[PDB]
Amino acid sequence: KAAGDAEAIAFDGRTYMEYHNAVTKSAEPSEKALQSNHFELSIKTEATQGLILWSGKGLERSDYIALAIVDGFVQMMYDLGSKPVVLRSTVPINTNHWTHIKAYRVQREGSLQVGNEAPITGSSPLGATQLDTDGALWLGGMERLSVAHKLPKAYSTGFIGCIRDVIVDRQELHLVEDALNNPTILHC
């Protein structure tokens, strides 16, 4: 919890924070064509289903990369415009112990490592290599859930648990201060 070194934020199932890719070298409107994505974070949970993170514009047509707990295991999913790929971890996540997650994508190639497992790798189908996004990022849940009807129920399920030390594209997130949607703040 935010009361001893690492500030850990609690998520109650309705909690979700919006952030914007506000840190650089990791104008006006338009979009971004990202070659890569890098996510690192630690979570603590008893949940067997839940959306951890969603990066993308959040429209039905939009590209996305997301982390979710699906049937007790963290998985990464992304669709860059040539259909999605899923990378599924082998580490039970719902132990209620702080667990590290490292997930990244370079063009079509993805990697997911929970704890000390051998990284799970895979690639989205040949074609698109860039994630077209406005830079929006949601943690613990999502505003626009309709863009989850095409996915496992976990993606429409708010995360219940705690999160700390979130690093997005080489920048440590200030979970409380960086949040843009005035969420209800609770510590772990």
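From 1 onward, residues are counted along the sequence shown.
Q: Can you count, per the entry, how many deposited residues between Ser146 and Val147 come without coordinates? Answer none, 1 to 3, 4 to 9, or 10 or more.
A: The entry has no gap there; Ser146 and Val147 are joined directly.
Q: Quick check on the record: does 30-38 or 116-124 carry the larger mean Cα temperature factor?
A: Mean C-alpha B-factor is greater for 30-38.
Q: Per the PDB record, is the mean Cα temperature factor higher over 157-165 or over 136-144?
A: Stretch with the higher mean C-alpha B-factor: 136-144.
Q: Can you work out whether the C-alpha temperature factor of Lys150 puts it in the lowest, middle or highest third of the chain?
A: Answer is highest: the recorded C-alpha B-factor places it there.
Q: Please say which third, lowest, middle or highest, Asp178 falls into when its CA temperature factor is compared across its chain.
A: Ranked within chain, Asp178 CA B lands in the highest tercile.
Q: Using the B-factors in the PDB entry, rank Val23's C-alpha atom against the chain and give the third, lowest, middle or highest.
A: Highest third, going by the recorded CA B-factors of the chain.
Q: Using only modelled residues of the chain, where does the Cα B factor of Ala10 rank: lowest third, middle third or highest third?
A: Answer is lowest: the recorded C-alpha B-factor places it there.
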